[PDB]
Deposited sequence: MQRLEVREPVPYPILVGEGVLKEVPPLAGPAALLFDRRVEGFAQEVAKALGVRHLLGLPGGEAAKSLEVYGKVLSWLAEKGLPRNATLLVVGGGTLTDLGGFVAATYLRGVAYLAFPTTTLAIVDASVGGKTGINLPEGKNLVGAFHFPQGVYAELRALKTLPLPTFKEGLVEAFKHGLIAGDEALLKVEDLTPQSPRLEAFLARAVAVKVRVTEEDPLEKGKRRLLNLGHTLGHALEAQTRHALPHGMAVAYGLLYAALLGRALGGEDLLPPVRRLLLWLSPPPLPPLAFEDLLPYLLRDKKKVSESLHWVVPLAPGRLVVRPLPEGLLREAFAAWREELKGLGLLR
């Protein structure tokens, strides 16, 4: 059992291990539990352990982050007459905490919520930052609220039913933290599996990195925007694929590009670690893409890793980006991913 603490701007604990439910403070008021149908078993266990009687299951995925589902959940809470001192428990992956956290942030203008992440991405990325929200037809994550959980409880026994590709997506984000913090341990993922006995320590280490970066720079004028490493190209790829390409996979591809930008700017060679990551990850092959058709999805500042723990944020000559994209394509073609 690993216990981490977020101190600012609002304090709360993050537990990662087996038997996290025993660590949850008993509820002091009414409650309701929202869960991804995929993990109903665990959801019912959470409910039984804490005495929660109101439960609502929802399909996970991006469809859950919509105005329709948002309205449905709010009316569900209203119907039961849940008061302002109620607590909303959310069991599921990133989409569930995004939706559930936003519902908590706005129901009666705000109620407490507890997060029980059931995916690696939710553990590594959604546990810190307070970002919640939903999508609109005009775009992803355009409506939301910064609302922090009262606690995060990651039951590792829940990760065992997680599809391997999804399990690995989260490890990519941890890898990213490794490059940002300069933590070599977070770059070691090739052996990790839902059963890996060293997984608990690895995940706790991954979360600890986002906690530090976030508290040192709450204004995103420093280290905090380093979390966007590999996201500029990643975002563009997700958009071009109509979002068929999973977020974690897009990030992995973006990390390779970032590594190439760093190399061109005289940084240390970071291609080996990233190549390893990509082979282990086995990301889905990409559709043909030209630099000219990229610009649309891309004034702009890129997070460039010159060395683990040593990164810079700055604009780059189009000629450099063009050069890197060409090398990026070859790097992928030489792997069959393009």
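Residues of the deposited sequence with no modelled C-alpha atom fall in the ranges 299-307, 348.
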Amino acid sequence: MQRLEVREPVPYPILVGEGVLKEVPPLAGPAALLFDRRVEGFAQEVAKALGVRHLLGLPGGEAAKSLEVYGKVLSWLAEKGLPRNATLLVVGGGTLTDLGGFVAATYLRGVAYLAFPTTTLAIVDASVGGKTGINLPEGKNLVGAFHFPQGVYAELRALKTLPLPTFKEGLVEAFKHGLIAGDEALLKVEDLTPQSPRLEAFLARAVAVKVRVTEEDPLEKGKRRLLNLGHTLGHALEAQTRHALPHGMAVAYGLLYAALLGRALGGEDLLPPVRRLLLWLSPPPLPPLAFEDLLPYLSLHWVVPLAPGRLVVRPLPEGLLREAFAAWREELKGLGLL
From here on, numbers count along this sequence of modelled residues.
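When the two stretches 126-134 and 244-252 are set side by side, the higher mean Cα temperature factor goes to 244-252. The PDB entry records a higher mean C-alpha B factor for 267-275 than for its counterpart among 267-275 and 34-42.
Comparing C-alpha B-factors across 286, 290, 56, 49 in the deposited entry, the largest value falls on 290. Comparing the C-alpha B-factors of 155, 200, 216, 98 in the entry, the top value falls on 216.
For residue 6, the recorded CA B-factor ranks within the lowest third of the chain. Only modelled residues enter the ranking. For residue 316, the recorded CA B-factor ranks within the highest third of the chain. Only modelled residues enter the ranking. Ranked by Cα temperature factor within the chain, residue 149 sits in the lowest third according to the deposited record.
Annotation for residue 26: CA B-factor lies in the lowest third of the chain's modelled residues. In this PDB entry, residue 181 carries a Cα temperature factor that places it within the highest third of its chain's modelled residues.
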